[PDB]
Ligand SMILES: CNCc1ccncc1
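Given as structure tokens, the chain that follows is alone and in the form solved without this ligand.
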């Protein structure tokens, strides 16, 4: 799977909100492009002159994420974040020249990402009461990853002493994206756990935070809520469910080639952090069948 890299695997089966610190600093921003940010402005003008209904939006930028020594007391993760935008993403990560910007950043800053917007995404491994995970089919008419399988998620928009409000917005945003696209009541969802962070090498290394969320509804009830919105209530074109039993070997299935990179990251991290038991009971052969 060369199109996804793991940046972070969380300990303890995943981290809750109260164990994460954020540092939001202009030191964590993208560096100005070598020949100037006029190249980003030119791409944006070309795009608005064809699609004048498009609008910019601010985004969080991932600089890095440092885990505490395992088994320690106190905060377990530090997220180093800056600010970016949907315009800066289109002019850098989405540019045909994105590989040239990665080489230049290695040369100039010793950092392949230094000249890239790198907006932070969020995604969820969303489990039902009857032990399935939730998948969504992407429209074949989008420009990115057309027709591929996704999980619920999105790219959160801004508004430890500004830090704790930023961590709150990240955790809130993954629940809001489930409510908006799957049409589930907020009170049927658990507080999220952070499983880790995955990078999309097909989009010049931009990262997504991947979370585990439990729903109190069955697969049949989730399907009814999604469909009862009608075609205008969702961006996806369909919903479907895979037993958690069968997610373990998903990389060996024909479904794997249809999954977009950020969804592959969610499933790899679900399998390593929520699956993969360490104790004698769940590790016994009848409960963890060999192969």
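Numbering follows the first chain given and starts at 1.
**Q.** Sequence continuity check, residue 159 and residue 160 (deposited residues unmodelled)
**A.** Gap size class: 10 or more residues without coordinates, per the record.
Q. Mean CA B-factor: is it higher for 171-179 or for 139-147?
A. Comparing averages over the C-alpha atoms only gives 139-147.
Q) Between 228-236 and 53-61, which has the larger average Cα B-factor in the PDB entry? A) Averaging CA B-factors over each stretch, the winner is 228-236.
Q: Have a look at 112, 72, 208, 92 and flag the one whose Cα has the highest B-factor in the entry.
A: Among 112, 72, 208, 92, the PDB entry lists the largest C-alpha B-factor for 72.
Q) Hey, out of 281, 15, 22, 269, whose CA B-factor is highest in the deposited coordinates? A) Spelled out: the listed residue with the top C-alpha B-factor is 281.
Q) In terms of the chain's CA B-factor thirds, is residue 204 lowest, middle or highest? A) According to the entry, residue 204 has a C-alpha B-factor in the chain's middle third.
Q | Third of chain Cα B-factors occupied by residue 254 | A | As the PDB entry reports it, the C-alpha B-factor of residue 254 lands in the highest third of its chain.
Q | residue 118 by Cα B-factor - lowest, middle or highest third of the modelled chain | A | It falls in the bottom third of the chain.
Q. Mind checking which third residue 99 falls in for C-alpha B-factor across the chain?
A. Its C-alpha B-factor, which the entry lists for residue 99, ranks in the middle third among residues of this chain.
Q: Classify residue 190 as lowest, middle or highest third according to the C-alpha B-factor given in the PDB entry, relative to its own chain.
A: For residue 190, whose C-alpha B-factor we compare with every modelled residue in the chain, the answer is the middle third.
Form solved in complex with this ligand: not shown, discussed below.
**Q.** this ligand in the bound PDB entry: contacting segment from 188-196, 214-222, 143-151, 97-105, heavy atom within 4.5 Å
**A.** One stretch meets the cut-off, namely 143-151.
Q. Considering this ligand in the bound PDB entry, which of 122, 116, 81, 134 comes within 4.5 Å of it through any heavy atom?
A. Checked against the cut-off, the match is 122.
(Q) Even though the partner isn't displayed, in the bound PDB entry is residue 208 close enough to this ligand, meaning a heavy atom within 4.5 Å? (A) Output for residue 208 is yes: heavy atoms within 4.5 Å of this ligand.
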